[PDB]
């Protein structure tokens, strides 16, 4: 049986992937880049704040000063932080709270593997911090998603091998990070976006301990 579950946050625990998208789009448009639509944004999910800005700039072949780059990333984060102030426990995605209770029941470790620096604030907003055995700090890993390091670190933090862990993720970058860590990915979203080669569910109600069950056993 698997011994840990490694959770992405944005788009898995709650609908904050939508907020990051709206904030990145607004920022891109402020600098004249209009190509951040939902399809492009699939490239930004699970990517770090600086990496995301760089992808947006690269899409446009745009160069900015180092001072401007720093201000832009800060500008987007300040906007996103305002956007998330009223997130509450009512915003937890369906299935998630029960999954956390069911896992703790069954002595299965729970770790956060979010690229977001705002993750601990969000778990507090949703009254979920007490479910987590560890939160992997994304500032502490040398490489961000799609590198596997955050997932490896999360598994480590709870004393469980990545090979004995399931990783939940809504993004292309994150699914790749889970594959490369040795953990078993179960994505949430559209196969059109996330692939036909792993188990993908349409929404988080599917993330039951029974199903993780089911998938692990094969």
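If you superpose the two forms and keep the largest set of C-alpha atoms that fall within 1.5 Å, you have the rigid core. Positions refer to the first chain, counted from 1.
Using the rigid core as the fitting frame, the root mean square C-alpha deviation in 6 other deposited structures of this protein is greater for 71 to 79 than for the other of 71 to 79 and 95 to 103. After superposing on the rigid core, the larger RMS C-alpha deviation in 6 other deposited structures of this protein belongs to 45 to 53, the other candidate being whichever of 179 to 187 and 45 to 53 remains. The PDB entry reports B-factors from which the mean C-alpha value can be compared for 140 to 148 and 78 to 86; the larger average falls on 140 to 148. Higher mean CA temperature factor between 56 to 64 and 175 to 183: 56 to 64, per the PDB entry. In this structure the maximum Cα B-factor among 18, 203, 196, 210 is found at 196. Ranked by C-alpha B-factor against the other modelled residues of its chain, residue 50 falls in the highest third. Sort the chain's modelled residues by C-alpha temperature factor and residue 2 lands in the middle third, per the entry. Among all modelled residues in this chain, the alpha-carbon of residue 128 has a temperature factor (C-alpha) in the lowest third. Remark: residue 135 belongs to the highest third of its chain, ranked by C-alpha B-factor as recorded. Placement of the Cα temperature factor of residue 161 within the chain: highest third of the modelled residues, per the deposited record.
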